[PDB]
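Working notes, beginning with the structure itself.
All Cβ positions, even for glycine, are placed from backbone atoms using ideal geometry, and neighbour counts span all protein chains on display. Every read-out reported here was derived from the displayed coordinates using simple, explicitly stated rules and does not represent laboratory data.
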Amino acid sequence: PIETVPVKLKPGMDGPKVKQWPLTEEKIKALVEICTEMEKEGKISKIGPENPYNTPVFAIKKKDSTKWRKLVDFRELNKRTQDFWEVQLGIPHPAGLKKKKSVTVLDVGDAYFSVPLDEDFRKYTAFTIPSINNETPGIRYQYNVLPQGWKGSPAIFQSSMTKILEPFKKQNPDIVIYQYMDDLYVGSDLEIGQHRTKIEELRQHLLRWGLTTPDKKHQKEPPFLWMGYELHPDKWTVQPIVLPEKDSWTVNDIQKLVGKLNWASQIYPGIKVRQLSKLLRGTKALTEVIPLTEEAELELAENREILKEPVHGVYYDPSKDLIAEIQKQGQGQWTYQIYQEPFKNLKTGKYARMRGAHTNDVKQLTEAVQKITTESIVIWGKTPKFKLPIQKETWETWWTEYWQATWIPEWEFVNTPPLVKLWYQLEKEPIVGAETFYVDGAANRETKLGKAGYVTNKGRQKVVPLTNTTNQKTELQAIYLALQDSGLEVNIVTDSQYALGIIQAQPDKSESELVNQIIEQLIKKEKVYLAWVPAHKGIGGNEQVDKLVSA
Amino acid sequence: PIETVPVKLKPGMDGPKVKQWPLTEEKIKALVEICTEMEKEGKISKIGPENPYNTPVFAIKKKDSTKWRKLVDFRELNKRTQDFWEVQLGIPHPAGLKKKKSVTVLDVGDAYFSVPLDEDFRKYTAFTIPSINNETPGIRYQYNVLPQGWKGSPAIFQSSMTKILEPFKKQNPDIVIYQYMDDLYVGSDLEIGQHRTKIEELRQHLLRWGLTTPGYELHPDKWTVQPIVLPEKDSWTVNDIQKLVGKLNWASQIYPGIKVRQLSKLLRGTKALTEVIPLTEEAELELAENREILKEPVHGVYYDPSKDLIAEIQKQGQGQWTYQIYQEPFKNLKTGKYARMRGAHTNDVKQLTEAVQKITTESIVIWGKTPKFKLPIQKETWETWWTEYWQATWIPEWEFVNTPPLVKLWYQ
DNA sequence: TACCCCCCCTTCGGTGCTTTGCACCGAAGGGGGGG
Ligand SMILES: OC[C@H]1O[C@@](CO)(O[C@H]2O[C@H](CO)[C@@H](O)[C@H](O)[C@H]2O)[C@@H](O)[C@@H]1O
Ligand SMILES: [Mg+2]
Ligand SMILES: [Mg+2]
Ligand SMILES: [Mg+2]
């Protein structure tokens, strides 16, 4: 007997009245079979026509088993049922497990059906059972327990399980129980004779409250199958990963491939998905087939060579420090390894998000450090010490001069190339004896036609016509011109806030091919000074070049 | 056994539903230890997923404290009770507190645990304690008493508060006392030795009414404003005058008397940026009168109690940080600059965390409000590190901005 | 043809300043995974 959980509907709304789906005769017989046994145990009940609700029902067979699953479509009940607050805040990772002398894994049989639903709420679960023909009406039932398919079933099960385990955990403080839904990982430093004894006291303590531990689900010997992993006494690994062998790939093929590759990335180091994902962008139909680029083919090739050789992770030793090492992989891809003893990884992973239109490797590495810090605080509750492929002086130059606040926790340089560097450096002061280019651009909002040009103090001048452009693009284009038509050292005066915002953040990559060309020039120069003046204030060469390109 | 004051949210508004963020090991243990002893004392009591509301929770160490302190992020709850701490039971603000030669901040939050909370309102104080590696699902609680850090807490306790204080407010008539949530601000024009003594007297005066005090020392008369300043050069380059003209152009949105016509004249050619340009008679006079206009106060700037406070922060480099507090754009109530805070020349996020606390403290002393911050920092960067450096029992509102310094207006 | 949680990659639309273009972010629909 476990205390029921009070539940309500969204205030001012009534229960679910929706008609049944037409069910297949192969499914119906196995369905009516399972339903009838429930009434013997008090899990389900017959109800009179006094109950005016109805909800569709169907079944699919359990994965890795013979039996069927009773799934009740409560989508219309879910819309009108109150909101909950889930207590499942994440997923455990094996790399967060300390090593235990003896370990047991046990599943609960019929998890939801062992928890009684709310008394007053039971009536809204109403559904009817089909038959081999349409003549017999079938009994209508109300759930006495948590139904599979409701939006309140998982949360109520998870919290109830915690109240059951709480007494046992306080009586046995040195037992670690990883509670995730109905699966329990239980481990101890106890001697295995004593461990199995405490295991049985817990199976009784769950049986104290009507929770069944089937022997078939119960595992006594490594390697345990837990959360899609295989747990060995001193190592762990994922259950093997199957990559589709298709000769012609659709959109759903790549989606399956990418998702598998992401799952593999947690332990298999160096998985890369950039070039494969580029095929996924902007395709209309999931059924459509798209060929593999020579880039995506090479990436899928080397991704398979990583999966070829088996890999494993280790377990967590609270005494020793946590280490995280990052390598650059190119095209905005980064992989990392978290370890405590060298060359014995705890877990791996990858950061590849392209955040923003224009960026540089330093920003992206910082984003990787932040992703790794949070993942580490999730799994181990602490921040690892970092091994980063960026010179100490590069970083000092970046974070001190940049106008936004940025930081990286304790870290040391690791000489593993390719190194992260800043590719150019704008002067803080104007360059003496460098030609001074006053640039500007302008475009017509309706024509989409524009000009871009400059004037210098030495008399040099240029204006360029432009097709299908914008005001912003002509301002970048004017700066491109000044960079092309100048020596190795140049002062550039613009009144473009937009352009100057982009270039001063020292990007080394850009979605805009124009910015990438501006970057390419900036790497070539030896000294570049950018200065800003306001427009239409009668300043110097700015007023002159605004006249030229507006005409 | 005390009467519970009824509390209702703002009209047509639902409680807070804010996910809990990951906590470090040392912070979770502190919470589980703090939350255990709070439960055997009846202060909180476990709940379940039937309660749809949630608020983030974490732990801090005040400056030099050495001891964990539980902090709840009631920002979302406080915005949804806003009628309560304003309309009926609000606390007036003492305009003379900013004038006292010394002010001490004390944590009186432990007294709010005395008063019970309205039972119908306890469903909104729900918080969840996470577990390392998600070993356990979320352990949920809710508050039975006045929660620390709720804006409704000091309002309800005010009646009981003003009674405990009344004997000391009469024994010391001209000493100012202000209450902003879990903190008590007490200031005097007394000398430092006398001032620290009367605090101890106020600590005992609180002990016999049942309260501990796990204090910060301020000096509001010392606080200084940072005005807009124009450089001093013997020779001006085209680039110098261009930077100057742009700066004056920007500053003109604040002080309308700014003129640039005679300084613009000096640029009218197409000159090299490093070329030295002698100032004309009229430019020197336009410059001099401009420097004087910036010396003046801004016309028509005053504090409006109905309006929220906004604060912008700019990182100037070399440990320098400048800020402006305003309600309407370009009508600045205060401008200032910090330097050599904790973290200078090593940690940006710690310095910015220290600046937000300083600016918030100043705003509580001067107007009894906490400003909404415009933080010069990326979202993911701030949310990754700020709790490691937070040393206050309140949390201001913030947003994230990216303003490249086209012109260095606030620092030379 | 059900429910809950985490992850990555992409699209798209709200939002505000860089201004009616461009950039950013978050919701969401695709996938992987857990039960
Ligand atoms: O709540 C949305 C989002 O922002 C956070 C922190 O940035 O929310 C907190 O801060 C906001 C800005 O001050 C407040 O308005 C909000 O009430 C408060 O929860 C995170 O909690 C969340 O990811
Ligand atoms: Mg099961
Ligand atoms: Mg299971
Ligand atoms: Mg122009």
All but one of (1) within 9 Å of chain A (Cβ to nearest Cβ); (2) surrounded by fewer than 21 Cβ atoms within 10 Å (Cβ to Cβ); (3) among the aliphatic types (A, V, I, L, M) hold for B:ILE377; state the number of the condition that does not hold. (2)
Pairs with Cβ under 7 Å, 6+ apart, first in the stretch B:48-66 and more than 14 Å from chain A (Cβ to nearest Cβ), second among the hydrophobic types (A, V, I, L, M, F, W, C) and in a loop (DSSP other than H, G, I, E, B): B:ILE60/B:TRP390; B:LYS61/B:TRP68
Go through the stretch A:106-138 and report how many residues are near ligand 2 (Cβ under 10 Å from one of its atoms) and assigned to a loop (DSSP other than H, G, I, E, B). 4
For the structure I just gave you, tell me whether A:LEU488 is more than 41 Å from the chain's Cα centre (by Cα), surrounded by fewer than 14 Cβ atoms within 10 Å (Cβ to Cβ), hydrophobic (A, V, I, L, M, F, W, C) and away from chain B (no Cβ under 14 Å). yes
Residues being touching a helix residue (DSSP H, G or I) at 6+ places or on another chain (Cβ under 7 Å) and within 14 Å of ligand 1 (Cβ to nearest atom) - total across the stretch B:383-393: 4
Per-region count, the stretch A:36-60, residues under 39 Å from the mean Cα position of the chain (by Cα) and surrounded by 12 or more Cβ atoms within 10 Å (Cβ to Cβ): 7
Restricted to the stretch A:507-551, and to residues that are within 16 Å of DNA strand C (Cβ to nearest atom) and in contact with a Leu (Cβ under 6 Å, 6 or more places away or on another chain), which residue is nearest to A:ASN444 (Cα to Cα)? A:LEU514
Would you confirm, using the coordinates I've provided, whether A:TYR316 is surrounded by 13 or more Cβ atoms within 10 Å (Cβ to Cβ) and either within 27 Å of B:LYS27 (Cα to Cα) or acidic (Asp, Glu) (or both)? yes
Hey, among the residues in the stretch B:366-412 that are of a type in the set (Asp, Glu) and either closer than 18 Å to A:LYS371 by Cβ or within 16 Å of ligand 2 (Cβ to nearest atom) (or both), which one's farthest from the chain's Cα centre (by Cα)? B:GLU380
Sort out which residues of the stretch B:284-311 are in contact with a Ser or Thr (Cβ under 9 Å, 6 or more places away or on another chain) and among the small types (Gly, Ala, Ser), and write them in order of number. B:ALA311
If you check every pair at least six apart or on different chains, which have Cβ atoms under 7 Å apart with a residue in the stretch A:337-357 that is farther than 22 Å from A:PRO92 by Cβ first and a residue that is among the acidic types (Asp, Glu) and in a loop (DSSP other than H, G, I, E, B) second? A:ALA357/A:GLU511
Has the stretch A:90-102 got at least one residue that is more than 14 Å from chain B (Cβ to nearest Cβ) and either of a type in the set (A, V, I, L, M) or within 16 Å of ligand 3 (Cβ to nearest atom) (or both)? no
Name the strands (runs of 3 or more DSSP E) wholly inside the stretch B:169-275 in which the number of residues that are out of contact with any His (no Cβ under 6 Å at 6 or more places or on another chain), surrounded by 20 or more Cβ atoms within 10 Å (Cβ to Cβ) and among the basic types (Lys, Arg) is 1 or more. none
Go through A:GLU429, A:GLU511 for me and flag whichever is away from ligand 1 (no atom under 16 Å from the Cβ) and either surrounded by 14 or more Cβ atoms within 10 Å (Cβ to Cβ) or more than 14 Å from chain B (Cβ to nearest Cβ) (or both). A:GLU511
Of residues in the stretch B:125-166 being over 25 Å from the mean Cα position of the chain (by Cα) and among the charged types (D, E, K, R), the one farthest from B:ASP183 (Cα to Cα): B:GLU135
